[PDB]
Structures are given as structure tokens and as C-alpha cells.
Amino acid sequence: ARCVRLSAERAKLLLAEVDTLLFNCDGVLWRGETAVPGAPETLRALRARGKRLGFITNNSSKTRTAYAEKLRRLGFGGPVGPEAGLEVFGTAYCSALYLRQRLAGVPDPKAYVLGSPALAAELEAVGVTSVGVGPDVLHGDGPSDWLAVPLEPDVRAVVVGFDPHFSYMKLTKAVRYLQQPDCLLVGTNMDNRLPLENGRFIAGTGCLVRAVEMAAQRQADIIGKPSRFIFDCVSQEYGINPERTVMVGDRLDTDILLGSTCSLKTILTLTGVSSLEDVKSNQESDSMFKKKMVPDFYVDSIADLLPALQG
């Protein structure tokens, strides 16, 4: 955990020692719809050497198939056909898995999803009916009118994911549903800001999840990184061996901390949000938790692996 630059020799040693590599799609492989220069060639070379490539993302907007299509379109060489989805693990699919297990044996389970269409679709495939996907503008002169709005009959969970239609009405409805102790609170991810191309960014799902949490005085179960649950899903379907697996990430609090908590080796790409200066601040601090989110190796871009892989 010394944030060593992964030079070609160091990279060759690490690559020989690891037969699986896990990546964060946003900020490592690609930004916006534009690939990080050289990243596609790097991942294709890694597949050529026989290394298993897996993808972990905190984005609830896209399904497994959609993310796989993006990776193939941009030349990261995923398997073609339906099998592609198996390679990518995202908060939407993992949220569906969490609700499948937790609400197992519940008849015709339904949930209030303050989230994207893909999240609702993944839940539907799991069998969880979804309500609340879409706009919910506020109507009423005062609080009583807002609290009077009708609610769906059987809602056993609230899923907070990226919802551009998020409103105070949705927050009030979420609180009302969550007043029942049985009702679960699920947060897709806890990212404060999410990066976009050209150094632009938009507010992160975490802002919504913290708003709902505070309003209901409940602590949500966060499916996404850095929670061990997303790693457990990957481990259930990939059979990950922590000693022989690497996590490539751009965000210290989510990706790198996932690696540290789950005993995976960590590579930090500076293409994305986090910076070497942030690592230095965490290193200097005496807090052990801050020390956890310190990467084993750092690369300017994933493309810096190409010299070793082009061997």
C-alpha cells in the first residue's frame, strides 16, 4: 500500500501473479462514450494472454447487456452473443440479486424504485415488481395533501438509484413506505458526484440515498462499491481468488477500498476522479480507514500496461 508506479517490469511481475483482473468501466476504460486512449488494446491483449477480465460498476442506469454492448462496441473484446452480460456486474443486477435473496419466499414481491428503467428491468427479471420509475411531480398546497397521496398496496422494499425524476414527493412517499419496519432500504451506490466527459460532472446517487436515509432515520444497504456485497456477487459467478485478482479503479473511496477490504490487489488509474494528491493525504493521515483506501500500484492510464503486454 505504497502507491508504487507500475512500471513495465513491475507490471509484468504482477500480471504473471494474477490470472483475473477486475475493472471499473467509468474513468478507467472509458469516459463518456469515448474510450481512454489505448485502453481497448490493453484489455484485448490481456484477454489474449488468457487473463480473465471482469467489470464492476456502480452505475444503475444500464443493464448487463447494455454495458456489455458498450464494451464490445468500443473494442474491449467481450464475448459475443447473450453470454456477454455475464462478464459485467453492475449495481442494477446486484440490487436485483439482493432483493431476490432478502425477499425470497415473499409472494409477488413489489418495490418502490426511485431509479432508472434498467434497475426496474433487472428487478423484474428477478421477479420483483417495480413501482415509481418515472416522474412524480409535487401537487398539493401543503404537507397534509402530500401525505394524502395514494400508495401502492404491497411494497416490501425501497430502492434508491439514479433517478433524474427525483422529487420531494418521491422522498415523502419513500419515507411513508419505509415507516413499516419490514420494508427494506436499498441504495445502489453512494457516490457523491459522478464524472462525465470533458471534466463535467453531475450529482451522484449518494446524494439521493443520503436524503432518503436521513428522512427515514434508516441506514440503507448499499449494493455498490465499496460494499463487500458486489464483490460477493462477482465471486459467486466468477470464483474469484483474492490472491490472484486485481481491481483497477479511479475512485479511492469506492474501487480501491473495495480491493483493500476484499483482499484484492489494487491499481489506481489517474484518468478518473481520484488523484495522487488524494492518496498522499490519506497516506499522511493516521486514520486506519483512510490508510485502507491507499492503492498498491498506480498507473497514469490503463494503457500503461501495454509495454508489458506487448512483450
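Note that residue numbering follows the sequence shown and begins at 1.
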- Task: Name the higher of the two by mean Cα B-factor in the PDB entry, 168-176 versus 196-204.
- Result: 196-204
- Comparing 276-284 with 51-59, which stretch shows the greater average C-alpha B-factor in the deposited entry? 276-284
- Max C-alpha B-factor within the set 213, 191, 232, 163 falls on 232
- Message: Could you place residue 154 in the lowest, middle or highest third of its chain by Cα temperature factor, using the values in the record?
- Response: highest
- Item | CA B-factor ranking of residue 134, expressed as a third of its chain | middle
- Item | B-factor third for the C-alpha atom of residue 41 within its chain | lowest
- Is the Cα B-factor recorded for residue 64 in the lowest, middle or highest third of its chain? middle
- Item | CA B-factor placement of residue 6, once the chain's modelled residues are sorted into thirds | middle
